[PDB]
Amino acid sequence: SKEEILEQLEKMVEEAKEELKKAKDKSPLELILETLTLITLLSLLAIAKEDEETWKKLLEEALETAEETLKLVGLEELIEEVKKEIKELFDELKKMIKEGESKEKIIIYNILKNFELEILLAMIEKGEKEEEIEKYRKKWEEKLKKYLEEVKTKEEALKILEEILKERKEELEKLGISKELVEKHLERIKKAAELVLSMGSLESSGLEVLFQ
C-alpha cells in the first residue's frame, strides 16, 4: 500500500533523525554513517513520492543535515562541494524519472551515489591519501556502469543491492567503524530500498499490466 509504505518510510526517517541528534558522544565516522543513512532514506522517500514539492523539501532537508554534520565533525571546508554533490544527485534522480528510466535503475543509482559520497567523506575524515581515495572512486564508477547496464528486473535489483551492501560494509569496517554498527544502518537502507522497490507494481502502468 502506497500510504502504508510511505508511513513506514517517514517512520524510518524520524528514527534516523533521532539517532543523528544523539551525536554528542558519537565519533565523526559514526556521525557520517548516520548522516548518509539519513540522506539515503530522504532520497528514497523522494523517489517513492514522485512529487515536486516533496523533492524540494527533502532536498532541503538533506542539504541541511549534511551541512550540520560537516560543521560538527570539522569538515566545514567541504560544505560547498558536498552540497553540490547532493544537488547533483537529486537533479539526476528527477532526470531519470522524467526520461522514463526503470525504478530499479533509479533506486540502485541513488544507493550507489549516496555510498560514493559517504565513503569519500569517511576517507577524507580518516586522512586517507588521495591515491587511495581515487582507487575507490574509480572502482565504484566502473561498478556503477555495470550495475546500471545489468539491472532490468526487481529480482536483479534486489540481488545487486545485496552485493553493493556487502562490499560497502567491508569498506566501512576497514575504515574503522564497528562492523555491527555498520550492519544496523545498512540493514535499514536495505529495508527502505525494498519498500520503494515494492511500489511500482501498483503504479498506473503496473496496474494496467496486471489487469489488462
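One-based numbering along the sequence shown.
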Quick one: higher average CA temperature factor, 129-137 or 101-109? 129-137
Would 144-152 or 22-30 have the larger average of its C-alpha temperature factors, as given in the entry? 144-152
Which is it among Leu202, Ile189, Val196, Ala16: the one with the largest CA B-factor in the entry? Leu202
Assert third(CA B-factor, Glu50) within chain per record equals highest
